[PDB]
Structures are given as structure tokens and as C-alpha cells.
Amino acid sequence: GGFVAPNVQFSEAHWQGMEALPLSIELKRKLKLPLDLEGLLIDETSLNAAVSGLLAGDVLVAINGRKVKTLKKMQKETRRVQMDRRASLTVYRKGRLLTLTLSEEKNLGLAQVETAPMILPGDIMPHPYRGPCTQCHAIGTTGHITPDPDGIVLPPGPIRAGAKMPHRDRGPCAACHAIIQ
């Protein structure tokens, strides 16, 4: 069944199109970032975060001049300003600290946080060692859909003999489709 130690930590925060992660030593080493830089790695931007000029690989240092060194502290600052439409971001990028403005026409809202996915007891760690697995992962069967939908293969349909072919050439139609004739 589903085991969750007292203390499963946050792994990501989602805020206005940005995905923010703790900036570990492992990431600092992987990304050739100063080893004493403190902040949150932005590994993805889209939507209002993309519009602000925020980029994947930026390190988020402060929101409204309040330092954010942990996802908890990021969430706290977003909660403070959640009903505002605009917030300042200080971002470390290739050596310079930039200020960027983040805005949404209704309200910025609370950053929504998540833990690392639930794992099976016999799951293979896809990353370097980071400590005891239950520090970061629930252990169980249910935390996400399996078989992963991403690997479920759908049958091509039946087709009527002489149907126009909507995809590129793939071979004789009957290799893949029941022919309704």
C-alpha cells in the first residue's frame, strides 16, 4: 500500500506558466552555475511567465525583493501577493541579476506545489543518489495512472474500402486497418 513518511518535501511549484525547482548542488554542477547561488531553477516557462521575459534556465532569486531560496518560501511570497495583478521578479541569468515584471489581468494567484511522483518499492532511481527515497517520494501503487497513458497503443480503426488516406504512406491498408467493404 501507500507509505508516506512524516516529511515528503516539495519538488516543484507552478506559477503563472513558470515551473520552479529547488536549485540543488547537483543542478548547480549540471548547469555550471555558481555553487553558492541561492534561489529556484526555472526549468520551464510559458504564458505570462514567458511574456515577462523569464526563460528556462533562469534562477529565481526574489519576488518583490523578498529572497526566495526554497519552494516553501516562494509559495509564501506568492500567497502574500496572490491577489495582485503584477509582481517583480529578480532573476540570475548568465551572471547578471535582472528584474522582470510578471503580470496577469485578473490576479497572479498562489503558486501551486507538488512532490516528486509516487514510486513502486522496486522502481529504479533515474537520477544520481540524493538520500533515502522516502525523504522525497511516497511509496505505493496509486500516485499516478499506470499503465502510463503515454504508452498505451490505440488500434487504427476499421476503414471503408477506398477511404482517403489522411496520413503519409505506411503500407497496405489491411496491414493495419480492418477494411469495411
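Residue numbers run from 1 along the displayed sequence.
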**Study point:** Selected stretch [higher average CA B-factor]: 96 to 104 or 67 to 75
**Key:** 96 to 104
**Study point:** Between the two ranges 37 to 45 and 144 to 152, the one averaging a larger CA B factor in the entry
**Key:** 144 to 152
Check your understanding: Checking the entry, which one of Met18, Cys173, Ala163, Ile25 has the top C-alpha B factor?
Key -> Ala163
Review point. Within this chain, which third does the Cα B-factor at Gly53 fall in: lowest, middle or highest?
Key: highest
Exercise for review: Quick one: classify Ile124 as lowest, middle or highest third of the chain based on its Cα B-factor.
Suggested key: middle
Practice item. Would you please rank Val91 by its C-alpha temperature factor against the other modelled residues of its chain and give the third it falls in: lowest, middle or highest? Key: highest
Check your understanding: With respect to C-alpha B-factor, does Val61 fall in the lowest, middle or highest third of the chain as deposited?
Key -> highest
